[PDB]
Ligand SMILES: O=c1cnn([C@@H]2O[C@H](COP(=O)(O)O)[C@@H](O)[C@H]2O)c(=O)[nH]1
Ligand SMILES: O=c1cnn([C@@H]2O[C@H](COP(=O)(O)O)[C@@H](O)[C@H]2O)c(=O)[nH]1
Ligand SMILES: [Cl-]
Ligand SMILES: [Cl-]
């Protein structure tokens, strides 16, 4: 939310992750935490970040299992304090609905990943992306993830989900995406390495914000 | 959190509540919602505020029932999207523990109210307040509520809970409490009428912030 910039905190060491996140906190109030950090330091890192930085946490768990397993993963994730969870849409509607049901029970949110940003996404995901986005609309999904690396696809996704849906977008910086162009369609950009591997993370974040 | 100022949104009409909260959002990112608004507009107002303003929501429900009923109230409140719930400590440890158990299950927080700010608090609550605070410490409570109207009591409460516990304090402005003096002991101040009944809520909030 703050500055339309979400930090992707993929460092795998608690000390380095806490250092960088603290250094850029004045520029970002929303942190995306994924498996590189959680599998290395434990799920308790989510509540620690939430408390220490007063930031919202999106768990990038790319949930992609059968309904029953998806339900268990979402429950454990929200118990850990996550505000939202990112879920793949490719496994189908029943799998997404399972996540939505738990989010409803726990007062949390689901973000539906429709198209990925890397080269390999063109093989199978891109061809199903429009239909995955329409499925999200039909299921009542209001939060989506789309690719910074393909603004024409981000535009098409925005067209399907409408202006009221919230859209966040990774692939900015390291993967080649541009902050400003991405924000023509997405509500917020996700940035990882361009900030956390920088010699001065705060200066990198400030620079991105200034560019937009 | 933002500016150490929490808005107590006790207007009873959705339109007025949304107007004032939006007007002061640049100064406050945390809103306390209680029964005056919830009983008038419904529990869905919590998720609406959270989404529309991107603010944290503390549900001031003064939970004060037997354990079994407290569990049900906390579950419904967190399902509605609240980030935290304020609970009375006077009904005893089992009643507080029930709230803590649900907060743990749902990845949320409990704030323990130890002493109230109004005149009547001197009759029964004040005499039990130190023991209620010690009970909170023994139960692992890390968030507390104490009175702006009695800074000497707020100091005593801070002494019992320690410097690492988070303490918020209502009674600022309308009830007579002072922002700066209260912040000598509390981490954040709660302000309702001084802001929401002001001719210019944003100017009132800005003034409080400037005074501290
Ligand atoms: O299609 C997607 C979905 N998610 N992410 C994630 O967003 C972050 C982007 O990081 P980066 O800025 O370092 O490339 C990483 O956590 C990555 O797993 C992508 O990069 N692409
Ligand atoms: O001891 C307490 C506990 N809670 N509150 C609550 O905090 C808010 C303070 O509002 P005010 O600034 O308008 O007096 C109101 O919602 C009120 O119920 C108090 O005032 N005193
Ligand atoms: Cl990814
Ligand atoms: Cl009260």
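Can you give me the number of residues within the range A:124-134 that are surrounded by fewer than 19 Cβ atoms within 10 Å (Cβ to Cβ), away from ligand 3 (no atom under 16 Å from the Cβ) and in contact (Cβ under 8 Å) with a residue 24 or more places away in the chain?
The qualifying residues number 3.
Any residue that is under 23 Å from residue A:166 (Cβ atoms) and away from every other protein chain (no Cβ under 13 Å) - is there at least one of those in the range B:32-40?
Yes.
Which ones in the range A:28-42 are away from ligand 1 (no atom under 12 Å from the Cβ), in contact with a helix residue (DSSP H, G or I) (Cβ under 7 Å, 6 or more places away or on another chain), free of Cβ contacts under 8 Å to residues at least 60 places away in the same chain and not in a helix (DSSP H, G or I)?
Selection gives A:29 alone.
Scan the range B:56-74 residue by residue and report those that are under 21 Å from residue A:83 (Cα atoms) and more than 9 Å from every other protein chain (Cβ to nearest Cβ).
Across the range B:56-74, the qualifying residues are B:57, B:58, B:59, B:60, B:73, B:74.
In the range A:1-15, which residues are without any contact (Cβ under 8 Å) to a residue 60 or more places away in the chain and within 15 Å of ligand 1 (Cβ to nearest atom)?
Within the range A:1-15, A:12 is the sole residue that qualifies.
Would you check if there is a residue in the range B:12-27 being within 16 Å of ligand 4 (Cβ to nearest atom) and either touching a helix residue (DSSP H, G or I) at 6+ places or on another chain (Cβ under 7 Å) or closer than 25 Å to residue B:146 by Cα (or both)?
Yes, that holds for at least one residue.
Restricting to the range A:75-97, count the residues that are touching a helix residue (DSSP H, G or I) at 6+ places or on another chain (Cβ under 7 Å), surrounded by 22 or more Cβ atoms within 10 Å (Cβ to Cβ) and within 14 Å of another protein chain (Cβ to nearest Cβ).
4
Please tell me if residue B:8 is over 30 Å from residue B:130 (Cβ atoms), more than 14 Å from chain A (Cβ to nearest Cβ), touching a strand residue (DSSP E or B) at 6+ places or on another chain (Cβ under 6 Å) and outside any loop (DSSP other than H, G, I, E, B).
Answer is no for this residue.
Can you find a residue in the range A:135-147 that is buried (at least 19 other Cβ atoms within 10 Å of the Cβ), within 16 Å of ligand 3 (Cβ to nearest atom) and without any contact (Cβ under 8 Å) to a residue 40 or more places away in the chain?
The answer is yes, given that some residue of the range A:135-147 is buried (at least 19 other Cβ atoms within 10 Å of the Cβ), within 16 Å of ligand 3 (Cβ to nearest atom) and without any contact (Cβ under 8 Å) to a residue 40 or more places away in the chain.
Could you tell me whether residue B:58 is within 16 Å of ligand 4 (Cβ to nearest atom) and not in a loop (DSSP other than H, G, I, E, B)?
Yes; evaluated as a whole, the condition is true for this residue.
Looking at the range A:106-123, which of the residues that are within 14 Å of chain B (Cβ to nearest Cβ) and touching a residue at least 12 places away in the same chain (Cβ under 8 Å) is nearest to ligand 3 (Cβ to nearest atom)?
A:111
Given the residues A:52, A:19, which is the only one that is within 14 Å of chain B (Cβ to nearest Cβ), away from ligand 2 (no atom under 16 Å from the Cβ) and not in a loop (DSSP other than H, G, I, E, B)?
Among A:52, A:19, only A:52 is within 14 Å of chain B (Cβ to nearest Cβ), away from ligand 2 (no atom under 16 Å from the Cβ) and not in a loop (DSSP other than H, G, I, E, B).
What is the one condition in (1) out of contact with any strand residue (DSSP E or B) (no Cβ under 8 Å at 6 or more places or on another chain); (2) not in a loop (DSSP other than H, G, I, E, B) that residue A:190 does not satisfy?
(1) is the only condition that residue A:190 fails.
We did not get these values from a lab; they are worked out from the coordinates using the rules stated. Because the Cβ atoms are built from the backbone with ideal geometry, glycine has one as well, and the counts that use them run over all protein chains shown.
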